[PDB]
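Here's a solo chain for you in structure tokens, the form deposited without its partner chain.
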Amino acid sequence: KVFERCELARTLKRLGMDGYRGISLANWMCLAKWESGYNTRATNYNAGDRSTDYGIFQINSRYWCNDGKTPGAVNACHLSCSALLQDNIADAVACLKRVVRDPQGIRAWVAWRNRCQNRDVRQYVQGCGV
């Protein structure tokens, strides 16, 4: 499903996203916007290493989830990539929390790096009452 901006903001806040590991909700909002357009069914196949990015947060199948088709997969989230394609994003949020705990943190998300890092992201949560 495709979340409406404020609907997503409220869901993430409710799931403990606001300030997680020091990262703001607006930053998470910007990340989701540019990674998937708030679409939980979004998938991106990377011909290079044969890995795929899954869900609203576009989490990669080589290091975080298992899709059974990616070489050298690590499955750090100990979760099937299918759970990252659900309308209910609780599983995705739990894996995202694991992803960010690694050394490079939020820099793990290229779209966030390109369109959010070092920029003003206050607009993504404006008028959402979060």
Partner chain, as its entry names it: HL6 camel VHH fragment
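Numbering follows the first chain given and starts at 1.
Legend entry - Given 21 to 29 and 8 to 16, the range whose Cα B-factors average higher in the PDB entry: In the deposited entry, the stretch with the higher C-alpha B-factor mean is 8 to 16.
Legend entry - Stretch with the greater mean C-alpha B-factor as recorded in the entry, comparing 30 to 38 against 44 to 52: Stretch with the higher mean C-alpha B-factor: 44 to 52.
Inset, instruction - Return the residue from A90, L79, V99, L85 that has the highest Cα B-factor in the entry. - result: Comparing C-alpha B-factors across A90, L79, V99, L85, the maximum falls on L85.
Inset, instruction - Tell me, lowest, middle or highest third: where does the Cα B factor of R107 rank within its chain? - result: Highest third - that is where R107 ends up once the chain's C-alpha B-factors are sorted.
There is another form of this protein, the form deposited with its partner chain bound, and it is not shown here; the text below is about that form.
Inset, instruction - Quick one: name the residues from 59 to 89 with any non-hydrogen atom within 4.5 angstroms of its partner chain in the deposited complex. - result: Read in sequence order, the residues that approach its partner chain (within 4.5 Å, in the deposited complex) are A76, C77, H78, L79.
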